[PDB]
Amino acid sequence: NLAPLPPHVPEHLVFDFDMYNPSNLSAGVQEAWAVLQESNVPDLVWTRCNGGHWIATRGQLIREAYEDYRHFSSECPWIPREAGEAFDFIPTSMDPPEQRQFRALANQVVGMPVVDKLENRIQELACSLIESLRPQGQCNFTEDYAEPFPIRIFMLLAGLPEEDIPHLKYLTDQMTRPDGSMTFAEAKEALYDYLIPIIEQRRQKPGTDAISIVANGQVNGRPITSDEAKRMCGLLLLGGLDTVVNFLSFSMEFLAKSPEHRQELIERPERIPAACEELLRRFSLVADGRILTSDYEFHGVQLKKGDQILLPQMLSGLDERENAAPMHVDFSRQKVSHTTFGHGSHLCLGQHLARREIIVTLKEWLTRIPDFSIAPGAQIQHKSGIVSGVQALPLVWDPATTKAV
Ligand code: HEM
Ligand SMILES: CC1=CC[C@@H]2C[C@H]1C2(C)C
Ligand SMILES: [K+]
Numbered sequence: 011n012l013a014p015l016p017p018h019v020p021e022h023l024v025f026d027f028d029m030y031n032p033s034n035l036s037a038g039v040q041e042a043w044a045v046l047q048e049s050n051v052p053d054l055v056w057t058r059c060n061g062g063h064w065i066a067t068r069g070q071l072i073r074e075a076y077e078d079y080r081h082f083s084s085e086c087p088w089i090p091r092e093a094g095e096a097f098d099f100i101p102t103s104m105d106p107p108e109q110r111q112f113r114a115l116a117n118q119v120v121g122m123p124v125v126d127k128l129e130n131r132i133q134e135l136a137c138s139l140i141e142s143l144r145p146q147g148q149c150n151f152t153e154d155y156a157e158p159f160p161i162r163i164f165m166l167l168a169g170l171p172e173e174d175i176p177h178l179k180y181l182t183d184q185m186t187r188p189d190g191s192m193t194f195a196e197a198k199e200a201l202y203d204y205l206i207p208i209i210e211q212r213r214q215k216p217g218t219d220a221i222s223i224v225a226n227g228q229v230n231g232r233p234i235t236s237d238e239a240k241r242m243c244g245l246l247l248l249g250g251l252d253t254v255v256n257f258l259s260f261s262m263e264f265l266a267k268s269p270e271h272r273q274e275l276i277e278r279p280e281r282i283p284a285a286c287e288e289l290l291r292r293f294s295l296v297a298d299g300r301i302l303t304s305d306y307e308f309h310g311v312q313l314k315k316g317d318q319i320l321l322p323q324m325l326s327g328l329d330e331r332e333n334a335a336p337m338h339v340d341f342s343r344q345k346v347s348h349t350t351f352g353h354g355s356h357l358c359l360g361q362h363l364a365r366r367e368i369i370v371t372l373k374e375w376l377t378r379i380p381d382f383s384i385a386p387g388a389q390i391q392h393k394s395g396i397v398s399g400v401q402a403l404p405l406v407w408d409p410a411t412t413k414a415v
């Protein structure tokens, strides 16, 4: 159940939060983690769950720890420990200075520039899917939109056949939210097995997909190795199949239950980008961490070299010390403060692709299906993990209230 409290961890700082099955899941995953920001929970606690680790509960500490890579290394960023030890993805598993040369290469295959290209391809698919769904008056949002819209765009960017989705998506999820049929190590090895012949094939005969660009690129001037390309592409694949997919679902679940929120977007489409940020904060969903490089006193707490500390990017924006009424969605919110795309030298390279997907989704869905609700009676279930998400989201609406556009 719980790991024996290490001698150096204060008994009064213990708070056994379980990141893969938080107590409050029924109330909502963001709410379940929010329990860590309650009146008498300190800024830093120790949970004996998942092997034992620190958890920074407030954005101030979260931001600081992410900026201080000397003490909090990305070397072992995943929890549980075994998983963090096998996590060798590039460039997320490296700290500056060595990280940059690779981060630059990755920025080349998913950055703004690549996204402006993809713009029309992304609108076409969003419309394509929504219009095909419009007349039915119902859908399984997670499988009929949330998953194929972002994944197909990534599989297109990566130059990979769509039939590979079921397999890759299953591996990916075992890494963020393991159902237990596979360890992080097994999921990664299969992802590395998938790529290897594809990376060797595109190095032998260069194309113009994100994969070829990576296997054939350079780092600070020198040629990338096969193995280095593999570690980077696995990360890219990981960032493309399980982030926006889940986020679209928290956003649309909320919109289906907020008629007033929907109207505002119908009435004033010019605020969709702003709503996109507010939702990015409200339904933040990533939580990874770092490992202590040496013994280090942090905010009055003694951390030992080797201790893992989970720094929930999700919690910053939900922190009342960052945004008043944090649990409240307000598209007109003055200063939207958050760390949903991370913080420090590891800032999300895919955020520009993420915002673009989210915004076109908001624009095109509302423009064709302005009124919809959650299937009557449905009991929505979230799952918590490195990346939290929605199990299923049944949606219904009346086709008479829609419009081809
Ligand atoms: C709503 C969507 C997304 C969210 C909230 C998100 C969140 C994050 C977070 C929190 C990190 C930092 C991890 C750390 O510091 O350990 C990160 C890194 C990264 N993400 Fe995103 N991500 C999203 C979408 C994407 C997409 C679509 C891609 C590309 C296909 C992507 C690619 C990356 C990469 C390559 C990194 C690594 C940066 C580095 O390690 O320097 N992400 N992301
Ligand atoms: C967007 C992402 C790609 C890979 C893992 C999931 C995040 C990360 C925590 C860095
Ligand atoms: K590692």
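Numbering follows full-length UniProt numbering, in which position 118 of the sequence shown is assigned residue number 128; successive positions increment by one, without gaps.
By construction, the Cβ of each residue, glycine as well, lies at the ideal position given by its N, Cα and C atoms.
When the Cα atoms are used, what is the spatial distance from residue i to residue j?
i, j, result
"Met-262", "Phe-151", "8 angstroms"
"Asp-28", "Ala-197", "22 angstroms"
"residue 475", "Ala-220", "As shown, the chain starts at 11 and ends at 415. That puts residue 475 outside it, with no answer to give."
"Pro-207", "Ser-236", "10 angstroms"
"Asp-174", "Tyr-202", "14 angstroms"
"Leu-376", "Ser-383", "13 angstroms"
"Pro-322", "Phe-99", "19 angstroms"
"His-356", "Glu-153", "30 angstroms"
"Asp-183", "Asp-381", "31 angstroms"
"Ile-368", "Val-125", "13 angstroms"
"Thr-67", "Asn-333", "15 angstroms"
"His-271", "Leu-265", "7 angstroms"
"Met-192", "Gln-148", "34 angstroms"
"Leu-302", "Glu-157", "36 angstroms"
"residue 487", "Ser-49", "Given that the chain is displayed from residue 11 to residue 415, the structure contains no residue 487 and the question cannot be resolved."
"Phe-112", "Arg-144", "43 angstroms"
"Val-51", "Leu-139", "45 angstroms"
"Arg-73", "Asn-11", "31 angstroms"
"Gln-344", "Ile-132", "29 angstroms"
"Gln-312", "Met-104", "24 angstroms"
Do residue j and residue i have their beta-carbon atoms positioned less than 8 angstroms apart in this structure?
i, j, result
"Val-255", "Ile-161", "yes"
"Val-339", "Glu-288", "yes"
"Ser-84", "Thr-102", "yes"
"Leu-328", "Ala-44", "yes"
"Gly-69", "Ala-13", "no"
"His-81", "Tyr-306", "yes"
"residue 10", "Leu-246", "Since the first residue shown for the chain is 11 and the last is 415, residue 10 is missing from the structure and cannot be characterised."
"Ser-394", "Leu-35", "yes"
"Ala-93", "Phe-25", "no"
"residue 429", "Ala-285", "No answer is possible for residue 429: the residues shown for the chain start at 11 and end at 415."
"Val-229", "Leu-359", "no"
"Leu-320", "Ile-65", "yes"
"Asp-189", "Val-397", "no"
"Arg-241", "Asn-226", "no"
"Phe-159", "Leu-178", "no"
"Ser-259", "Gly-399", "yes"
"residue 6", "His-353", "An answer regarding residue 6 cannot be provided, because it is not within the stretch 11 to 415 covered by the chain."
"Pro-90", "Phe-97", "no"
"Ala-200", "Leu-181", "yes"
"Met-324", "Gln-40", "yes"
"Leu-363", "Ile-282", "no"
Classify residue i as buried or exposed, calling it buried when 16 or more other Cβ atoms lie within 10 Å of its own Cβ.
i, result
"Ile-276", "exposed"
"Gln-273", "exposed"
"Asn-31", "exposed"
"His-348", "buried"
"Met-122", "exposed"
"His-18", "exposed"
"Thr-411", "exposed"
"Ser-304", "exposed"
"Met-337", "exposed"
"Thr-218", "exposed"
"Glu-108", "exposed"
"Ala-414", "exposed"
"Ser-33", "exposed"
"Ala-42", "buried"
"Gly-299", "buried"
"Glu-172", "exposed"
"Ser-268", "exposed"
"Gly-231", "exposed"
For this session: Please write down, chain order preserved, every residue whose beta carbon lies under 5 angstroms from a heavy atom of ligand 2.
Result: With the cut-off at 5 angstroms, the residues found are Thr-102, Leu-248, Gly-249, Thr-253, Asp-298.
Problem set entry | Every unbroken beta strand (DSSP E) inside the region 124-194 [3 residues or more] | 148-150
Problem set entry | Length at least 3, wholly inside the region 337-410: the beta strand (DSSP E) runs in chain order | 404-406
For this session: Could you pull out every unbroken beta strand (DSSP E) segment of at least 3 residues lying fully inside the region 247-325, listed in chain order?
Result: 298-302, 306-308, 311-313, 318-321
For this session: Entirely within the region 24-109 and at least 3 residues each: give me those beta strand (DSSP E) ranges in chain order.
Result: The beta strand (DSSP E) runs lying completely inside the region 24-109 and spanning 3 residues or more are 54-57, 63-66, given in chain order.
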